[PDB]
Each structure stands twice: as C-alpha cells, then as structure tokens.
Amino acid sequence: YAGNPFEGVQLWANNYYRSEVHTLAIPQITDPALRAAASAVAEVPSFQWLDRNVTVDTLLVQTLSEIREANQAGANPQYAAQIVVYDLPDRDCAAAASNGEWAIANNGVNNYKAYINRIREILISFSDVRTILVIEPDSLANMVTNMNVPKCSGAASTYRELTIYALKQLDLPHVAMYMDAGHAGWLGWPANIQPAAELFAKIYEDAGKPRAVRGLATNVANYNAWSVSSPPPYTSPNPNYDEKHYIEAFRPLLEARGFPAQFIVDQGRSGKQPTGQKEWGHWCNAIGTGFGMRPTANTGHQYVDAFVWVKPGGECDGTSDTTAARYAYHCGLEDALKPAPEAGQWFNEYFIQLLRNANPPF
Ligand SMILES: CO[C@@H]1O[C@H](CO)[C@@H](O[C@@H]2O[C@H](CO)[C@@H](S[C@@H]3O[C@H](CO)[C@@H](O[C@@H]4O[C@H](CO)[C@@H](O)[C@H](O)[C@H]4O)[C@H](O)[C@H]3O)[C@H](O)[C@H]2O)[C@H](O)[C@H]1O
Ligand SMILES: *[C@@H]1O[C@H](CO)[C@@H](O)[C@H](O)[C@H]1NC(C)=O
Ligand code: NA
Ligand code: NA
C-alpha cells in the first residue's frame with residue numbers, strides 16, 4: 001500500500017484529553033503563562049487509548065462520532081482519528097501486577113477476540129473516518145528481551161496469535177495500523193535489533209501482509225529524542241541512541257525479511273534532552289522531561305510517516321505508592337516524580353513539568 005495515512009488530513013484532538021486538561025489541570029494552575037500553555041496543549045492531537053473494554057462502546061464511538069460531525073460540517077482537510085488498541089490478556093507481562101483487566105487463564109483470548117470484533121464492527125460503521133491505530137504497546141517487544149520472565153514466556157504465543165488476529169480483523173480500507181516496536185533503548189541495541197526484526201517481519205508475513213499494516217510505532221510512552229547531535233550519557237554504549245539511528249538501522253533488517261515498515265515516532269515527552277533519567281531503562285514518570293515536537297506528517301524522513309503524540313503527557317505511567325497493589329519498582333526511584341497515582345490517571349504535577357520543559361515552548 002502506497003500512501004502515508006497522515007498525509008492530507010488534520011489530526012483530531014480528542015475531548016477525553018481536552019477535558020482532562022480543562023477540568024483537572026487548568027483550574028489547578030495559578031500562573032498565567034502556564035495556563036495559556038495548558039489550554040494550547042489541550043488542542044495538540046494525541047492518541048486516544050482503548051485501555052479498557054468499556055471504552056469501546058463509549059469513548060471510541062464518541063470520538064468517531066465527533067470526528068464525522070466535524071468533517072460533515074466542513075473541516076478542511078478532514079480530521080482523522082488516532083486510536084491505541086491496548087487490552088491483551090496478561091497485559092504488560094514483565095510487571096509484577098498489570099493494570100490489564102483480562103487473563104489468559106480466565107478466558108482472556110475469547111474476551112480479546114470479542115474486543116477486537118466489536119472494534120471492527122464500530123470501525124466498519126465509521127468507514128468515512130480515516131482511522132490510524134497503534135496496536136498493543138508494551139507487548140511483542142517483551143518477547144525480544146524478557147523471555148526469562150515466566151509471565152512473558154508464558155504469554156508469548158498468545159501475544160502473537162492475538163496480534164495476528166487484530167492485524168487481520170482490523171485490516172479495513174480506511175484503516176492504517178502500526179505495531180508497537182519498543183524504542184531505541186529497548187530493541188535498538190545491536191544484540192536485540194535483529195531478533196526484533198525477525199519477530200516483527202514474521203508476524204507481518206503470518207498475518208498475510210495485510211494492506212492496512214503500514215509499519216511500526218516507536219518510543220511509545222518513552223522519552224527518546226528523534227535526533228540529537230550527541231548521545232545522552234545514559235545511552236552509552238548504544239550507537240542507536242535516538243529514534244532516528246534506531247529506525248535507520250531497523251528498517252533494512254525488516255525489509256530484507258519482507259516487511260518494508262514505515263514508522264511513527266512518539267515525541268510527546270521528548271522535548272527536553274537529555275532527560276533526567278539516571279539510567280535509560282528508567283521508564284516511569286521520568287523527571288526532567290518536556291512536551292516535544294508537535295505531531296506532523298512533515299518529518300523530512302523517507303521511513304517516517306509522522307511524528308506523533310501517542311502517550312498523552314500528564315497521564316501517569318504507574319503509581320509510586322509502595323503500599324499499593326500495582327506498585328512498580330521503577331515508579332519508586334529517585335528519578336521518578338512522586339507521589340504518583342495509578343497508571344493512566346491524571347498526574348498534574350507531571351503535566352506541569354512537561355509544560356515547563358516544552359520544546360518548542362507553548
Ligand atoms: C531493555 O530496555 C528496557 O526494557 C524494559 C522492559 O524490560 C522497558 O520497560 C518497559 O518500558 C515501557 C516504556 O517504554 C513501559 S510502557 C508503560 O505502560 C503503558 C503502555 O505504554 C502506559 O500506561 C498507560 O497509558 C495509557 C495512556 O496514558 C493509559 O490509557 C493506560 O491506562 C495506562 O495503563 C505507561 O505510561 C507506560 O509507561 C513498561 O511499563 C516497561 O516495562 C524499557 O523501556 C527499556 O528501556
Ligand atoms: C466487552 O464490552 C462489550 C460491550 O462492548 C460487552 O458486551 C462485553 O461483555 C465486554 N466483555 C467482557 C468480558 O465483559
Ligand atoms: Na458533537
Ligand atoms: Na531470533
């Protein structure tokens with residue numbers, strides 16, 4: 001399929017994030033400068049996540065409905081949707097306890113198939129709304145590096161099967177799909193990049209190379225630069241120390257195995273470089289980060305369809321409350337901002353950090 005799905009469309013800024021900013025953040029921010037900036041960030045079009053089954057029949061439909069409405073009223077160019085599919089059973093297999101709602105051992109496969117089927121039903125009813133999907137962040141990447149972790153080892157075949165199922169069922173003509181493929185600091189290491197290309201290329205193949213699968217999404221919910229002149233200290237000794245280096249190394253390996261993947265790159269929290277991460281693998285609520293380059297299809301790069309905002313900045317990565325059931329070690333470190341609420345919940349102090357550190361500024 002020849003055609004960048006981000007080209008020739010405007011990207012819809014969804015009302016779920018807008019409401020978060022306007023109802024939870026702006027009333028809380030006294031400083032004029034920041035409050036102007038906040039209102040402006042609310043209009044930056046970030047991905048909306050289907051992180052729970054209940055979102056399918058409510059939020060997904062609401063957003064597609066609003067987009068259709070805006071387009072029917074004369075939006076020019078028309079608006080497109082950006083949605084994340086994020087509800088594999090045994091989700092986030094490397095964590096002690098995931099916020100995911102389903103389990104492989106408790107009818108997780110069937111629940112997920114129905115989930116996908118219902119999404120498909122809805123997408124088919126909104127065939128007039130160009131729809132871009134990011135498929136399952138924090139899933140197949142674990143298969144490259146975390147097979148020594150029992151929940152991951154045990155989830156691998158199901159991850160693969162359900163991913164293929166999704167790629168095939170959501171291969172509709174008005175859709176473009178990007179599978180998550182970690183980031184420079186995860187799969188970009190020379191010991192990992194080849195096995196990663198293998199994995200993803202093979203999935204593409206077994207899925208029948210569906211037209212709709214455009215490629216891969218990188219840096220989702222992470223902080224890496226697209227392109228910086230010198231390597232952040234915590235990146236050494238990796239030559240792929242930013243997404244540009246990663247993707248330039250990654251694409252040829254994918255292509256040689258039959259998957260000429262185009263990429264989208266999350267920059268929603270990449271504005272400040274280097275970050276305040278003490279080590280690169282410090283992924284949770286990292287300090288010293290800022291909103292990054294605004295979403296655009298004009299990337300200047302042949303292999304990159306668009307710079308995007310996948311993880312919506314200000315939505316938490318995980319809780320720092322050691323007394324809490326889904327507490328995660330990484331969220332309690334010295335370079336994680338604290339105290340932090342549950343994953344996905346609004347973390348206003350983190351929002352303010354991102355606003356202060358925005359590059360380009362608001
Ligand atoms: C070897 O390199 C390192 O590998 C480790 C793994 O061994 C990598 O760690 C993993 O990094 C991921 C970030 O790159 C996070 S993803 C995490 O969970 C989800 C998915 O992104 C996000 O939470 C949700 O966000 C949604 C949108 O706000 C909500 O809708 C939803 O409710 C939330 O659940 C969260 O923000 C992300 O931070 C893994 O948790 C981590 O194990 C490491 O990156 C490599 O360097
Ligand atoms: C998922 O949501 C649908 C409505 O979209 C509901 O019919 C279904 O029962 C939900 N799944 C589970 C396992 O509860
Ligand atoms: Na409306
Ligand atoms: Na391999």
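First listed ligand is number 1; within each ligand, the first listed atom is number 1. Only this structure's heavy atoms are used, side chains among them; waters, hydrogens and symmetry mates stay out. For reference, positions follow the sequence shown, starting with 1.
- Using a 4.0 Å cut-off between charged nitrogen and carboxylate oxygen, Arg214 and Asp305 count as a salt-bridge pair.
- In terms of distance to the Na ion (ligand 4), the nearest N, O or S atom of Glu198 is named OE1.
- With respect to atom 12 (C) of ligand 2, the closest heavy atom belonging to the protein is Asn53 ND2, 3.6 Å.
- Minimum-distance N/O/S atom of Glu69 relative to the Na ion (ligand 3): OE1.
- For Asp206 and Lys202, the salt-bridge test passes: some basic side-chain N is under 4.0 Å from an acidic carboxylate O.
- Counting only distance, with no hydrogens or angles, the side chain of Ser320 and the backbone of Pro339 share no donor-acceptor pair below 3.5 Å.
- Under the 4.0 angstrom criterion, atom 9 (O) of ligand 2 counts as lacking any protein heavy-atom contact.
- Residue contacts to the Na ion (ligand 3): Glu66 brings no N, O or S atom closer than 3.0 Å.
- Using modelled atom types, one finds no donor on one side chain facing an acceptor on the other under 3.5 Å when comparing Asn14 with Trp12.
- Nearest protein heavy-atom contact of atom 5 (O) of ligand 2 is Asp57 OD2, 3.0 Å.
- Note on ligand 2: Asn111 sits in its first shell, one or more heavy atoms being nearer than 4.0 Å.
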Please walk me through it: do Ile264 and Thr218 pass side-chain contact (heavy atoms from CB on, under 4.5 Å)? CA-CA 6 Å; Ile264 59 173; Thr218 65; over 6 Å; no

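- Between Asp321 and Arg326 there is no salt bridge, since none of the side-chain N atoms of the basic residue sits less than 4.0 Å from a carboxylate O of the acidic one.
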